[PDB]
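This report concerns only the one structure given below.
Computation of the quantities below employed the complete heavy-atom set of this structure, encompassing side-chain atoms and omitting hydrogens, waters and symmetry-equivalent molecules. To find a chain, count down the sequence lines: A is the first, B the second, and so on, and within it residues start at 1.
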There are 2 protein chains.
Amino acid sequence: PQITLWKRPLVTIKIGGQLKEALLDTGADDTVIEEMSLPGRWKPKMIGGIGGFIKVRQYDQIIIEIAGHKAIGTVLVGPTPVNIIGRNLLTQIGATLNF
Amino acid sequence: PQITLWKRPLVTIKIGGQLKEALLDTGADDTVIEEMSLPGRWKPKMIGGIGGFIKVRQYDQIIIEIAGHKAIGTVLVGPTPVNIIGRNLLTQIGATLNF
Ligand SMILES: COc1ccc(S(=O)(=O)N(CC(C)C)C[C@@H](O)[C@H](Cc2ccccc2)NC(=O)O[C@H]2[C@H]3CO[C@H]4OC[C@@H]2[C@H]4C3)cc1
Ligand SMILES: [Cl-]
Ligand SMILES: [Cl-]
Ligand code: NA
């Protein structure tokens with residue numbers, strides 16, 4: 001679709017079998033989801049934003065359904081205040097910015 | 001133009017007569033730039049990101065060129081790690097997300 005930006009670009013996602021809302025975020029390199037369990041191995045990572053850094057768990061090869069589009073990639077899980085779909089998965093659904 | 005997301009969506013902006021690089025950020029409500037001087041009065045604002053909250057200076061009706069497009073609107077100035085163009089100005093240049 002074409003999403004205007006008058007409001008936050010929130011969409012429904014499916015991850016780990018759970019339905020959530022997430023922000024399509026072109027300013028995020030990586031995808032970051034609020035605390036939840038995912039299967040498989042993970043490793044610790046530190047990521048920084050406005051305010052500073054948080055510790056997260058890095059899970060690789062996770063499948064996510066984004067606005068009904070399937071994608072696979074790394075998902076970071078930790079105390080983010082918002083679920084964020086970042087560029088590593090936006091590319092996989094063919095998302096572009098247009099002006 | 002049409003901007004894919006395999007790389008960060010960095011563009012050149014011009015503000016207070018200086019050129020800067022900034023991120024086109026659909027995940028940011030507001031535009032936030034690293035510390036610099038701007039004319040006029042400012043007002044206080046606290047904004048929250050991944051790693052907590054920061055105090056910024058809010059300047060209204062500031063002229064800023066973004067990738068060759070004129071915008072005039074609110075700019076937040078503070079200790080952000082990166083210059084971010086948020087939805088308040090992305091709508092002024094006509095930007096949409098497409099997939
Ligand atoms: C390496 O992988 C990653 C992935 C994500 C991030 S990030 O989340 O720190 N960030 C990076 C960006 C360079 C600032 C993405 C933004 O798009 C956030 C996303 C985000 C939204 C809300 C809460 C936390 C993070 N925007 C936001 O801070 O905007 C505030 C400021 C912008 O204006 C408003 O809109 C959201 C809030 C608020 C003040 C960092 C590392
Ligand atoms: Cl990935
Ligand atoms: Cl592509
Ligand atoms: Na894995």
Output for pair (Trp42(A) CH2, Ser37(A) OG), nearest 0.5 Å, gives 11.0 Å

Quick one, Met36(B) and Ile15(B) - any side-chain contact, counting heavy atoms below 4.5 Å?
yes

Are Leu38(A) and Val56(A) connected, step by step, through hydrophobic side chains (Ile, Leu, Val, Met, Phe, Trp, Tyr) whose heavy atoms are closer than 4.5 Å?
no

Kindly list each side-chain donor-acceptor pair under 3.5 angstrom involving residues 72-92 of chain B, sequence neighbours excluded, with atom names and distances?
{"unit_1": "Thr74(B)", "atom_1": "OG1", "unit_2": "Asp60(B)", "atom_2": "OD1", "d": "2.9"}
{"unit_1": "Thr80(B)", "atom_1": "OG1", "unit_2": "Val82(B)", "atom_2": "N", "d": "3.4"}
{"unit_1": "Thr80(B)", "atom_1": "OG1", "unit_2": "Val82(B)", "atom_2": "O", "d": "2.7"}
{"unit_1": "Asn83(B)", "atom_1": "OD1", "unit_2": "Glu34(B)", "atom_2": "N", "d": "2.8"}
{"unit_1": "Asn83(B)", "atom_1": "ND2", "unit_2": "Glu21(B)", "atom_2": "O", "d": "3.0"}
{"unit_1": "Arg87(B)", "atom_1": "NH1", "unit_2": "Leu5(A)", "atom_2": "O", "d": "3.0"}
{"unit_1": "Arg87(B)", "atom_1": "NH1", "unit_2": "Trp6(A)", "atom_2": "O", "d": "3.2"}
{"unit_1": "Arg87(B)", "atom_1": "NH2", "unit_2": "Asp29(B)", "atom_2": "OD1", "d": "2.9"}
{"unit_1": "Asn88(B)", "atom_1": "OD1", "unit_2": "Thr31(B)", "atom_2": "N", "d": "3.1"}
{"unit_1": "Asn88(B)", "atom_1": "OD1", "unit_2": "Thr31(B)", "atom_2": "OG1", "d": "2.8"}
{"unit_1": "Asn88(B)", "atom_1": "ND2", "unit_2": "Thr74(B)", "atom_2": "O", "d": "3.0"}
{"unit_1": "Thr91(B)", "atom_1": "OG1", "unit_2": "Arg87(B)", "atom_2": "O", "d": "3.1"}
{"unit_1": "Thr91(B)", "atom_1": "OG1", "unit_2": "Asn88(B)", "atom_2": "O", "d": "3.3"}
{"unit_1": "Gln92(B)", "atom_1": "OE1", "unit_2": "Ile72(B)", "atom_2": "N", "d": "2.8"}
{"unit_1": "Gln92(B)", "atom_1": "NE2", "unit_2": "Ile72(B)", "atom_2": "O", "d": "2.9"}

Residue set satisfying salt bridge (charged side-chain N to carboxylate O under 4.0 Å, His left out) with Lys7(B), at least two apart, ordered chain then number -> none

Does the side chain of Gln18(B) come under 3.5 Å of the side chain of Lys20(B) through a donor N or O and an acceptor N or O?
no

With a 4.5 Å heavy-atom cut-off, do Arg57(B) and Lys45(B) have their side chains touching?
no

For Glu65(B), side chain to side chain donor-acceptor pair (under 3.5 Å) partners two or more places apart:
none

Closest non-hydrogen contact found for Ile3(B) with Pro9(B) is CG2-CB, 4.1 Å

Is there a side-chain contact between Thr26(B) and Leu97(A) (heavy atoms, below 4.5 Å)?
yes

For the residue pair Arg41(B) and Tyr59(B), what are the closest heavy atoms and their distance?
O-CD2, 3.7 Å

Neighbour count above 12 (heavy atom, 6.0 Å) for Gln61(A) CD
no

On a heavy-atom basis, which atom in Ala71(A) and which in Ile66(A) lie closest, and how many Å separate them?
CB-CD1, 4.5 Å

Does the side chain of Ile63(B) reach to within under 4.5 Å of the side chain of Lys70(B), using non-hydrogen atoms?
yes

Are side-chain heavy atoms of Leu24(A) and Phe99(B) found at a separation under 4.5 Å?
yes

To the nearest 0.5 Å, tell me how far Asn98(B) CG sits from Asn98(A) CG.
4.0 Å

Would you give the length of the straight line joining atom OG1 of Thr12(B) to atom CG of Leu19(B), rounded to the nearest 0.5 angstrom?
6.0 Å

How many angstroms lie between CD in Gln58(A) and NZ in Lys43(A), if you round to the nearest 0.5 Å?
4.5 Å

According to a 4.5 Å side-chain heavy-atom criterion applied to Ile, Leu, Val, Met, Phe, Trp and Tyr, with indirect links allowed, do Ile47(B) and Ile50(B) form part of one hydrophobic cluster?
no

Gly51(B) versus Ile54(A), closest heavy-atom pair with distance
CA-CG2, 4.0 Å

